[PDB]
Each structure stands twice: as C-alpha cells, then as structure tokens.
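Reviewing the structure listed below.
We place every Cβ from the backbone using ideal geometry, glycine too, and count neighbours over all the protein chains shown. No lab work stands behind these numbers, since they all come straight from the coordinates.
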There are 2 protein chains.
Amino acid sequence: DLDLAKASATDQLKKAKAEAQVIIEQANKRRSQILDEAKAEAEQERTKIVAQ
Amino acid sequence: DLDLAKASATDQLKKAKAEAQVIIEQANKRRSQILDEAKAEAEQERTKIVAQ
C-alpha cells in the first residue's frame, strides 16, 4: 500500500507540473496574439491621423 | 506495521494533492501576471506608433 500510494502521488505531482507548464505556454501564446492585435490596430490609427 | 503504512499512504496522497494545487496556483498566477505585462507593453507601443 505504501508503493501503490506512491504511484498515484508521483502521478499527481508530475501531472500538476505538466499542466502548469501547458497553461504558461497558453499564457505566452496569448500574450503574443494580444500584442500583435494591439500593434496591427495602432498602425491603422496612425494611418487615420495621417490621412486626416 | 500494516496499520501504520495505511496511515502513511493517506499523507503521501494528501501532500501530492496540496502540492499539485500550489503548483497549479503559481502557474495560474504567472499566467495572470504575464498576460498583464503583455497589456502594459502593448499599450505603450500603440502610443509610440501614433506618436511616430
């Protein structure tokens, strides 16, 4: 029973770290999409004032 | 010994649980941190383009 508990214990700790990595991956990717959208809109704001 | 080991197997499971939660908690904190740094930077660059 010691070793069978250890099985699920290491499972959960490693799996927690793994999903905690995939969430931070999503974090960075969403940062990149956010920043690219902000920049691509700011450029058309500039172009609006330029055309005015 | 078998009674003591059963009492031991709950502790390892419990700590795997709590530490999985602290790990996922820190990873969610970091996601909510980087996605905020992203906004703080993106708005500055937007203003820099319009100032260009």
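Worth pointing out:
- Net charge of Cβ neighbours under 13 Å - reference residue A:4; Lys, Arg +1; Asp, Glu -1: -1
- The other copies place their residue A:2 label points at 1.6 nm from this one, listed shortest first, where each point is 7 Å from Cα along Cα→Cβ.
- Between 0 and 90°, nearest 10: helix A:2-51 axis offset from chain A longest Cα axis: 0
- By the helix-only formula, in which each DSSP H run with n ≥ 4 contributes -39500 (n - 2.57) and the sum is divided by residues, chain B has a 222 nm mean residue ellipticity of -36000 deg cm²/dmol.
- In the assembly of identical copies, residue B:35 has its label point, taken 7 Å from Cα in the direction of the beta carbon, separated from the corresponding points by 1.7 nm (ascending, one decimal).
- Long pairs among A:17/B:29; A:29/B:14; A:29/B:29; A:14/B:39, criterion Cα-Cα beyond 23 Å: A:29/B:14; A:14/B:39
- All C-alpha pair distances within chain A, sorted into 5 Å bins from zero, spread as 5, 16, 11, 10, 10, 8, 9, 7, 6, 5, 4, 4, 3, 2, 1, 0 percent across the bins.
- Annotation for residue A:37 and residue B:37: the two label points, set 7 Å from Cα along the Cα-Cβ direction, are 2.1 nm apart.
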